[PDB]
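Working notes for the structure below.
FYI the Cβ positions are ideal-geometry reconstructions off the backbone, even for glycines, and counts take in every protein chain you see. Each reported figure results from applying straightforward, stated rules to the coordinates on display, with no laboratory input.
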RNA sequence: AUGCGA
Ligand SMILES: [Zn+2]
Ligand SMILES: [Zn+2]
């Protein structure tokens, strides 16, 4: 009597399956990290991860070259396109189109038919004209997004075993996978750097970036509420210079860290010094490297005298690449860059908090350089977290809606660059443009 | 799938002894050992045949596509 | 085996040369010779280096506090006179060249 | 051995201000106090100006709401403290040179 | 003190053969001056190229 | 303020141009306008040292146990 | 300026008897800074066990507390004025705050003692005899 | 990268690993591991920390390896002494296992990193966000469950069983050491009696085993299925065989085995079956 | 394969008459060579044999 | 596979001696006086100095390894052929290794005596940066087991802390 | 972006038409099968299944 | 005991005649294509080792 | 090409 057979209990469960709660709650809890992950893209805080993502993509502005005959360099042609909400519907199929009675579509059907198990993806498009002169809402259907089984978007999410058997399913079907063309696929979980925490790494690639690079460096993987990531690296140059690495359009970019410091918040050099060394006034090692950093920045850019000028230099120097154009001034492009690159885990208006953390990363980097602390291990489980398949889903969706809006803007650019036949105000134009880009993101 | 007809190792027909064995575990509140002793499965090849069985057919049969549900 | 057969590399990773020592060669003589051939870097004898940079030229007072004379004399079989010759001839010339190189780095 | 408390003053009077290491300001520099009577508590704001710069300081409301600063003056001989609630204000100093900008584009 | 190409001379325990000293570097010409302790006729090395250049 | 070999503007906290390089007997801040090469002049010195790592050796190993 | 309309001007201040019992370097007076969780009502105190020097544990509404006192951070016996924890002294309800001092030396003053009220916690010991059953 | 690290204890299985190229790359979560899918109560944590003696980062004005940095999700909220670092970490763990601090979710991960000579850089890095790997262990001071993540575990003394609890050292104990094994590794009986790589080849065989894939097979249309009809429940099993219900999907059969070289066809890796047994349907599959 | 990762192909389908029979009147289902265990150290399989035998009886 | 009551008596009695071996070697490589307390603060600081150095840690591993391997050699040489519950012929497990049909005296000692010291890339168990080789081990544990020496055997099983090292 | 290979790519690398179809080839009159033991055949023979 | 899905017994294949790739006229690939097993480079080396040059041809 | 059997 230690592992006794559950014989009558089992055979009873085989003959008369549970009608209220599956047994073996570990069996459902084992795939909980998948299903739960997919539920967080449709329900949760604010509206779920996906609605935060579309709230973070913001706007895509385009100016029809508002002729008007400031009206010749201020155009007077603003078109702000965005996405307010994103809705996902449970699988349905209506035949002959509309004029039919709709039926719920079950996984058994997708498997028997050897087809995907799609849910209609809808997203509330916002067509804002002249910054507010005219607002247009449109719910656009973006094709069938494959829904995860037993998730908050599959009909089997809440079915009792008895109902599950009544729907031709494995009385215990865990789910968490996708029926795509009838083939069951799951998204493999991945081990990625632990978010939001500076990891001190010595890497010979860091020396491989070029001259004056040391091995030492800091890597923080900032992840936004919507779970999209942005890796930020600090490098200690052999010269004492510290450079800040980031990646945009999967291209890498280096900026002096003292620039992102003077750019985040208005401060004195003595405020950065106190931020870094503090009470530690006795580190000749750190006092001198920091004198090289601050004095060196004062050397390169003697005319960046205040934070605003610095912001203008960053927006002005990246305006060609952040695709924000005349639609923004170099101050706006600069601040939008800061908010979009530097420690995005701290969020908008976290620029003092981003300042404090960035100084903490510089200090950690000098503690690594001196050798007063050990380096961390990227491959230790200590320093790692798990990218859940559903989260990859939300990130790739966010990117697809960003591209979809980029495609609208491209379509307006082509139409206006070959005809300029019609104004941003026409509802006809909304239907026409929307009908000329491809919106089947489900496919 | 379904209670085997015979014990693989020995050869004694066992397929007749399933339902009574299950009755003996329910109705008589017996224990699996004594139930198998009263069934005459006095060898472990036989003992294990019925003792370990998993009559999965009851789970299969609820999937019968030839009747409305 | 790859380092030999595959590449015939003229740069072994661990190049060694075996030296047979005469039957007459004492074990103590052998340890003396082992010290006598091994390289001794200047770093290997330095205990502490204090640089007091004062700046109205930019003054660098470089203080090299070595081990005890007998300490490096019993680990590396070298004298204070050899330290004089090496510092006064080699070390300074190389550091002064590196400082000039750092001026080029400045400009 | 414990120090006794003599008096407590609960209404705004004295303030405390964080600055750069070296702040000294003119022999006459003046500090404007503000009181944004917001619901339960009054988040404060300090503002001053000088011949070149202007210094503005404010409270970290999310840390202010979870911790509150008190300053008192003790006499060893009278064993008495005059207690004063004082806001700690993280102040930044902008100059006249810090108020110039470039064109809105290249 | 540096003999070109030679780093360290160590005193490993003798085994299955004559007493020897194993150096961590290869420089025959330099051991040629040390003949009063080393039977030069019995020098050997793991460096094939250096042997080819010196001993043929 | 002077720290180590850095001297910050006393009024504005800017790391003002080093007194050693001014073209006057009195420099000023690039943020404010304070007088310094003229006032107190500093005697900038740092006792810099080795990290007690650059110099591995058997003798250091005999100093570590 | 008088910005964020959500703010009001000041109208009520109180004189600071900085010198009614001060004497230049002769009165050993002190000013202290103490950090108080909002959960405590300072006005409901009567004395302060700051005199405990280090063992400044304190009990406020049957709650047990520890008062951390530190010299560091701003009273270091190392540098001249290691603090940016400026004292801003008023004068009248119709005057703006002033930099603390003890005479007209354009020199800021520090807090003689800095204290911090820290919330204590039960942290009960492990019952080894109950847990380590074989 | 493939080296099995001790950090993975309780999070990744030490035996659920493929054999070949992927070895060490394709880990498997422990049967008791969880993944955070939300984030909570980060907003109330600053208030309690401030009450516990954390100096506000605007007010602290100090930074260094000489001081503990309290951070929440990579938001530096304050600074304290390393001593107060440890007092905060432990009293915080007490308020976590207690039920009196609703701004403090049980599943918060409290990363304490003590001061260490050339060690990991000190601090009190709390984490509450998603994708954290979290596992239950039994907290002894309240004899109640506590969720620990892989970051804090490194510096935590978790006794493996109650009788090995060392005085004044282990602050938690495993609920069961099976919590460090994956599902299939627990399904393997007496897995602690075999050479490790034989247990790993056991995971690959049982994982490659022809069994019962489902029971709705008349309503699937796989390119291939292998379904054993004569399936049985092991006499010898882990209790997780019942707790995970694997008896719903039996993958084998109980055979009378003689460990005997006798026939001359059982060498190295080859085994003999009874003919009459196969004729009676033994291991019969479709 | 057993639950011990000791996999083997069936070399032959031995006649029941040719199998060895115990004094209990049975002939085994499977015969595994003993010399496989000394390299693998699959002694968990030995214990599973003696536990399944006890538990069947 | 069984030993006698005698063979288990010798096996357990010899295996009682590794408890000194762990710290005794830790204080040899640390270069501190004999019987130095397992909780001397200087011992812990010296051992952290060793942890931060890969070479010094290599010396500590190699010396602890040689000593506990000397305990293994003792255990097998005492038990094994003399202490088995049934001998030679009467013992097929010994027969296969000794004839060399299959197995080795190493395998036979791993079943009947002890597993012994696990190694990786040529040395003892990895240690976390906290100074711990497993969560259950206090930082810098000088116990031989904490380095990965498994006293348990396949015939009587291995403790879970030991299963993680043999894994 | 995945440009159709030319004759230089067709001839070289792992394949090298020379390596994949010249230095080694598929062959006729050949079979592949899982091997099974048998002590009753000669040590110089191979038991061929009647297929 | 568990039955592995890999009945590699069934994976046997023999080809004495079949299709050939048009670019080589050599046996096509794959069991299901009735393709022919590869005599690889190492098997070529081995046949040269044996002196079996008429077998290698 | 991915996974995988030997
Ligand atoms: Zn039978
Ligand atoms: Zn200035």
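Each part reduced to its alpha carbon centroid, the stretch H:108-140 and the stretch J:110-127 end up 30 Å apart. Remark: mean inter-chain Cβ contacts per residue of K:4-14 equal 0, using a 10 Å Cβ-Cβ cutoff to other protein chain atoms. Mean partner shielding of peptide H:165-173, defined as the number of other chain Cβ atoms within 10 Å of each residue Cβ, is 4. Based on alpha-carbon centroids, what's the gap between the stretch G:40-85 and the stretch D:20-87 in Å, whole number please? Cα centroid of the stretch G:40-85 versus Cα centroid of the stretch D:20-87: 19 Å apart. Using C-alpha pairs under 8 Å with a sequence gap of at least 6, the mean separation divided by the residue count of chain D gives a relative contact order of 37 percent. Restricting the calculation to Cα atoms, the protein assembly as shown shows an Rg/Rh of 1.00 when the hydrodynamic-style radius is the Kirkwood one.
What is the packing order of peptides G:5-15, J:17-27, taking the mean over residues of other C-beta atoms within 10 Å and listing the highest first?
Per-residue Cβ counts within 10 Å, averaged per peptide and sorted highest first, yield J:17-27, G:5-15.
Note on J:40-53: average number of Cβ atoms from other chains within 10 Å of each residue's Cβ is 2.
With the cut-off at 1.5 for a/c, could you classify chain G from its C-alpha gyration tensor as rounded, prolate or oblate? Each step should come with its number before you reach the end.
Details: a/c = 2.50, a/b = 1.80, b/c = 1.39.
Prolate shape, in that a/c is at least 1.5 and a/b is the bigger ratio.
Using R0 = 60 Å, the C-beta based FRET efficiency linking residue J:73 and residue G:30 works out to 0.25.
From helices alone, chain H scores -5000 deg cm²/dmol at 222 nm; the rule is -39500 (n - 2.57) for each run of n ≥ 4 DSSP H residues, then divide by the residue total.
Sort H:5-11, G:94-100 by packing, meaning the average of other beta carbons within 10 Å per residue, with the highest value first. Mind showing how you got there, number by number?
Details: H:5-11: 23.3, G:94-100: 17.7.
Highest-to-lowest ranking by the protection proxy: H:5-11, G:94-100.
When a/c is below 1.5 the answer is rounded, else prolate if a/b is larger than b/c, else oblate, so apply that to the stretch J:1-159 with a ≥ b ≥ c taken from the square roots of the Cα gyration tensor eigenvalues. Because a/c hits 1.5 or more and a/b exceeds b/c, the stretch J:1-159 counts as prolate. A straight line joining the Cα centroids of chain L and the stretch H:184-235 runs 32 Å.
Ranked highest first by the average count of other Cβ atoms within 10 Å around their residues, in what order do A:124-132, A:296-304, J:155-163 fall? Walk me through the intermediate numbers first.
Values: A:124-132: 16.4, A:296-304: 14.6, J:155-163: 19.4.
Per-residue Cβ counts within 10 Å, averaged per peptide and sorted highest first, yield J:155-163, A:124-132, A:296-304.
Would you mind getting me the FRET efficiency between residue E:33 and residue J:63? Use the beta-carbon distance for r and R0 = 51 Å, nearest 0.05. Let's see the in-between values first.
On the way: r = 39 Å, r/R0 = 0.77.
My answer for the efficiency is 0.85.
Summarising the label geometry, the points placed 7 Å from Cα in the beta-carbon direction at residue A:108 and residue K:17 lie 5.7 nm from one another.
Specify whether the C-alpha gyration tensor of chain A places it in the rounded, prolate or oblate class, a ≥ b ≥ c being the square roots of the eigenvalues: rounded for a/c under 1.5, otherwise prolate if a/b is larger than b/c and oblate if not.
On the way: a/c = 3.17, a/b = 1.32, b/c = 2.40.
Oblate shape, in that a/c is at least 1.5 and b/c is the bigger or equal ratio.
In this calculation the C-beta distance from residue A:12 to residue H:101 is compared with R0 = 51 Å, giving a FRET efficiency of 0.70. Here is how the number arises for chain F: DSSP H runs of 4 or more residues each give -39500 (n - 2.57), the sum is divided by the residue count, and the result at 222 nm is -1500 deg cm²/dmol. Return one number: the angle in degrees, 0 to 90 and rounded to the nearest 10, between the long axis of the Cα atoms of helix H:196-207 and the longest principal axis of the Cα atoms of chain H. For H:196-207 against chain H, the angle is about 70 degrees.
Each label was represented as a point 7 Å from its Cα along the Cα-to-Cβ direction; for residue G:8 and residue I:13 these points are 9.9 nm apart.
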